[PDB]
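Below is one structure, written out as structure tokens, with a few remarks after it.
Cβ: placed from backbone, ideal geometry, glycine included. Neighbour counts: every protein chain shown. All of the numbers you see were taken from the coordinates with simple rules; none came from a lab.
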Ligand code: HEC
């Protein structure tokens with residue numbers, strides 16, 4: 001993945017619902033600061049679905065790549081309404097940016 005191309009994808013497809021920065025708001029979905037290594041459902045002050053909280057995974061390159069292909073198939077019942085990034089390369093750029101931007 002390339003970080004700069006992942007930032008482009010993030011602003012195009014994600015940023016209307018999420019922030020990445022430390023101390024950032026919960027815009028529509030939860031703020032993503034500290035994502036990598038965290039269990040699901042952990043951002044303070046956000047109300048998640050029981051589907052998200054019960055998924056039983058830790059967010060890392062591997063589980064993000066899977067989730068971002070098709071969110072509703074990975075977490076049935078999630079309130080994140082997004083069809084997914086189907087191209088692997090674009091997903092890899094995005095996860096490279098998220099890793100860079102959220103710690
Ligand atoms: C608004 C229409 C959203 C878009 C577009 C994207 N996301 Fe999202 N996301 C949204 C909500 C409402 C939620 C909460 C889901 C729930 O069931 O409670 C989320 C959640 C995530 C998560 C999980 C966060 C964690 O468990 O703490 C991630 C990793 C995430 N979203 C990533 C993400 C990215 C990278 C997006 C662009 C490709 C994206 N989201 C778009 C709402 C919305």
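Observations on the structure shown:
- Qualifying positions in segment 20-40 - without any contact (Cβ under 8 Å) to a residue 24 or more places away in the chain and surrounded by fewer than 20 Cβ atoms within 10 Å (Cβ to Cβ): 22, 23, 24, 25, 26, 27, 28, 37, 38, 39
- Hits in segment 48-72 - residues which are surrounded by fewer than 11 Cβ atoms within 10 Å (Cβ to Cβ) and on the phi < 0 side of the Ramachandran plot: 50
- For segment 48-65, the tally of residues that are more than 20 Å from residue 99 (Cβ to Cβ) and in a helix (DSSP H, G or I) stands at 4.
- Close Cβ contacts (under 9 Å, 6 or more residues apart or on different chains) running from residues in segment 55-82 that are over 20 Å from residue 13 (Cα atoms) to residues that are part of a strand (DSSP E or B) comprise 55/39; 56/39; 57/39; 58/39.
- Checking each residue in segment 73-89 for being surrounded by fewer than 18 Cβ atoms within 10 Å (Cβ to Cβ) and near the ligand (Cβ under 9 Å from one of its atoms) picks out 77, 79, 80, 81, 82, 84.
- Tally of residues being part of a loop (DSSP other than H, G, I, E, B), within 19 Å of residue 96 (Cα to Cα) and more than 7 Å from the ligand (Cβ to nearest atom) across segment 3-42: 10
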